[PDB]
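Chains as they are written, first to last, in the deposited numbering: chain A, 369 to 373, 376 to 495; chain B, 368 to 494; chain C, 369 to 373, 376 to 494; chain D, 368 to 495.
Just below is one structure, and these are the notes that go with it.
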Amino acid sequence: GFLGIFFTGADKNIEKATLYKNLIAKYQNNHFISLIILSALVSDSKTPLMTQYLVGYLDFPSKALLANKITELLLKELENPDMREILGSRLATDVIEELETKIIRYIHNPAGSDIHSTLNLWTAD
Amino acid sequence: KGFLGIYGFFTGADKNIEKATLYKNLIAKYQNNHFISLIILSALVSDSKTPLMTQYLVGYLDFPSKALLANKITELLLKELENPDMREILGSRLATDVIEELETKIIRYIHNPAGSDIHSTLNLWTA
Amino acid sequence: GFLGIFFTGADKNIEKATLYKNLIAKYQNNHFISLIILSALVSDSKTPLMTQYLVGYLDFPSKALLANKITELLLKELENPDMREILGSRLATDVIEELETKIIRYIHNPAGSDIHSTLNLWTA
Amino acid sequence: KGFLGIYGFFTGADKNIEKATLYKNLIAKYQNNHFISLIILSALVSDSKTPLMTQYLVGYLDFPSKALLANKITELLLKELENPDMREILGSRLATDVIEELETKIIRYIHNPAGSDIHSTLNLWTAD
Ligand SMILES: [Mg+2]
Ligand SMILES: [Mg+2]
Ligand SMILES: [Mg+2]
Ligand SMILES: [Mg+2]
Ligand code: NA
Ligand code: NA
Ligand code: NA
Ligand SMILES: [Zn+2]
Ligand SMILES: [Zn+2]
Ligand SMILES: [Zn+2]
Ligand SMILES: [Zn+2]
């Protein structure tokens with residue numbers, strides 16, 4: 369299991387590493403939001419060393435193969451255990467890309483987004 | 368429970384046959400190559416002009432949705448591309464951009480086959 | 369007449387004209403990124419009215435001749451010292467065709483398809 | 368440092384001798400028609416199987432790259448085709464699709480000369 373699910379604290383970068391770490395901590399027990407945050411981190415162009423660490427740590431040959439597996443888990447999360455109720459009219463591809471983009475824009479511009487109001491919409495408890 | 372078979376039979380039905388013709392002719396043309404044939408499938412799925420053919424493939428390949436199917440094809444493409452088989456042909460570029468370029472070049476070819484010669488582009492990948 | 373660097379939106383109701391305009395205003399400092407947005411706008415088929423206005427406004431006999439000039443300026447901009455430093459052996463024809471495709475993703479679906487972080491890579 | 372002043376003296380760089388022979392025979396026949404001369408030059412440059420002859424042409428014509436050479440040929444192609452003296456033979460078709468089909472018809476002939484009569488295709492642009 370190349371994913372098999376954490377904490378890096380490894381030569382990390384500026385504010386952005388702290389903002390990501392705090393987001394991961396609050397939604398650590400949420401598995402859909404965790405992958406969404408990870409996917410935004412991997413897609414984040416301003417986290418190259420953290421991404422390369424995760425690609426190596428998870429035994430993946432490259433970033434694109436890691437990003438592909440995360441998107442895959444994301445779609446299988448949205449395959450109606452619960453959030454088909456929350457999916458509704460929207461397709462899973464735009465919702466994923468909507469959530470990831472909102473996180474990256476929050477990491478880049480934290481003063482401009484209430485990412486908690488966006489993320490806890492997908493909390494089941 | 369094999370989701371991706373390499374030998375199979377594509378549907379024969381009402382698929383807006385003019386563009387369905389272009390796809391089937393290129394798949395048959397490059398059925399020799401494993402990577403190139405995989406690229407043609409990707410362009411077909413991403414193409415919004417073929418909602419009948421993909422939904423058949425989505426159902427035929429036991430995938431719950433079109434997204435989960437294109438994700439598997441993209442995964443297989445990166446494996447043959449990023450992991451070295453055609454990596455000697457892959458140069459300074461990233462395996463993502465070359466696929467999204469071949470996918471785009473095919474879709475634009477299917478949409479206007481007289482404005483783009485797709486054959487010589489796909490011939491660039493030997494074997 | 370020939371191209372050189376007055377364009378205020380369009381006549382009809384399309385909101386995608388607004389997305390193009392704000393990307394243009396933000397990246398006005400960079401010469402290369404503006405042409406990329408222009409070539410992508412012209413290549414965009416959801417913007418036929420704005421494109422036809424630019425064809426006549428820049429006095430070009432056709433759309434193909436207009437897109438041909440922008441591609442020419444793009445390839446030469448990538449030949450300039452600073453941009454050719456960002457080059458890094460990547461093929462000019464493809465990086466332009468990729469950048470074109472990727473902003474049209476943000477044009478059709480701005481809710482996703484992170485765009486600023488993408489072309490912030492081409493800043494300095 | 369001029370750009371695309373038509374003139375002969377082309378080298379036919381090195382290997383791919385048969386394809387170079389097919390290209391020269393076409394270039395030699397239609398050398399008095401400017402439009403077809405650039406259509407053949409377009410297909411030659413675009414041809415993935417003439418990399419040595421193209422790189423010479425790029426360097427010889429003092430162009431920074433192959434893509435910048437192909438762009439200049441396309442410009443003169445559309446310039447000559449649409450406006451001055453080919454709107455007549457062009458008629459109602461679109462110039463871009465006409466260039467690429469002629470481009471593709473030449474390349475398809477060069478790769479397999481037995482399956483195409485490129486003379487009949489290219490002769491529709493003589494006798495203005
Ligand atoms: Mg990243
Ligand atoms: Mg489709
Ligand atoms: Mg347009
Ligand atoms: Mg060539
Ligand atoms: Na924080
Ligand atoms: Na937080
Ligand atoms: Na601030
Ligand atoms: Zn980092
Ligand atoms: Zn269909
Ligand atoms: Zn418009
Ligand atoms: Zn050669």
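Just so it is clear, CB atoms sit at the ideal spot from N, CA and C, and this is done for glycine as well.
query, result
"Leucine 428 of chain A (DSSP reduced to helix, strand or coil)", "coil"
"Three-way DSSP call (helix, strand, coil) for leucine 436 of chain B in this model", "helix"
"Backbone CA spacing between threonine 463 of chain C and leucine 419 of chain C [nearest angstrom]", "26 angstroms"
"As assigned by DSSP and simplified to three states, the class of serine 415 of chain D", "coil"
"Exposed unless 16 or more other CB atoms sit within 10 angstroms - verdict on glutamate 449 of chain B", "buried"
"Short Cβ contact (8 angstroms threshold) for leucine 411 of chain B with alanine 434 of chain A", "no"
"By C-beta, the residues closer than 6 angstroms to any heavy atom of ligand 9, given in chain order", "B:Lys382, B:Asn383, B:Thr417, B:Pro418, B:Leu419, B:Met420"
"Contact test: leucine 411 of chain D Cβ vs ligand 4 heavy atom, cutoff 7 angstroms", "yes"
"Closest by C-alpha distance to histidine 486 of chain C, when choosing among A:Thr493, A:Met453, A:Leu443, A:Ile477", "A:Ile477"
"Test: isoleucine 407 of chain A CB closer than 8 angstroms to a CB of chain C", "no"
"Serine 415 of chain D beta carbon near ligand 4 (any heavy atom closer than 7 angstroms)", "yes"
"Distance CB(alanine 387 of chain B)-CB(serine 413 of chain B) smaller than 8 angstroms", "no"
"Under 9 angstroms from the C-beta of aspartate 464 of chain C: neighbouring residues of chain B", "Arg460, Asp464, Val465, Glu468"
"Span separating the alpha-carbon of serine 415 of chain B from that of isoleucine 373 of chain C", "37 angstroms"
"Contact under 8 angstroms by Cβ, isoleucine 403 of chain D with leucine 489 of chain D", "yes"
"Rounded Cβ spacing between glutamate 468 of chain A and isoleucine 406 of chain A (contact assumed at less than 8 angstroms)", "Not a contact, Cβ separation roughly 10 angstroms."
"Among B:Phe377, B:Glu442, B:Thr417, the one whose alpha carbon lies nearest that of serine 432 of chain A", "B:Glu442"
"Assigned secondary structure, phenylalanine 370 of chain C (DSSP; H/G/I helix, E/B strand, else coil)", "coil"
"Residue of B:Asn479, B:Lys382, B:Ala494, B:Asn399 minimising C-alpha distance to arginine 454 of chain B", "B:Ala494"
"Of the residues B:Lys382, B:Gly482, B:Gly369, the one placed nearest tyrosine 423 of chain B, counting alpha carbons only", "B:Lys382"
"Sequence-distant residues of the same chain with beta carbon closer than 7 angstroms to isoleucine 474 of chain C, five excluded per side", "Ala410, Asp414"
"Cβ neighbours of residue 498 of chain B in the same chain (closer than 8 angstroms, five flanking residues each side left out)", "Nothing can be reported for residue 498 of chain B: it is not among the residues displayed for chain B, which extend from 368 to 494."
"Contact residues within the stretch 424-440 of chain A, judged by C-beta distance below 9 angstroms to chain B", "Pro431, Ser432, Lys433, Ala434, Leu435, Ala437, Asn438, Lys439"
"Chain C contact for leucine 411 of chain D (CB, 8 angstroms cutoff)", "no"
"Partners in chain B for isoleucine 474 of chain D, counting only beta-carbon separations shorter than 8 angstroms", "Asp484, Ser487"
"Beta-carbon proximity of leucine 389 of chain B to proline 480 of chain B, cut-off 8 angstroms", "yes"
"Same chain only: Cβ atoms within 6 angstroms of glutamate 447 of chain D, ignoring 5 sequence neighbours per side", "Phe402"
"Delimiting residues of the alpha helix (DSSP H) encompassing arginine 454 of chain C", "453-457"
"Close beta carbons around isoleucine 440 of chain B, own chain, < 7 angstroms, minus the five adjacent residues each side", "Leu405, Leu408, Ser409, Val412"
"Alpha-carbon spacing of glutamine 398 of chain C relative to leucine 491 of chain C, whole angstroms", "15 angstroms"
"Quiz: which residues have CB nearer than 6 angstroms to ligand 6 non-hydrogen atoms", "A:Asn392, A:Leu393, A:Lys396"
"Supposed contact pair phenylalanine 370 of chain A and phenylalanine 430 of chain A - C-beta distance, whole angstroms, cut 8 angstroms", "6 angstroms"
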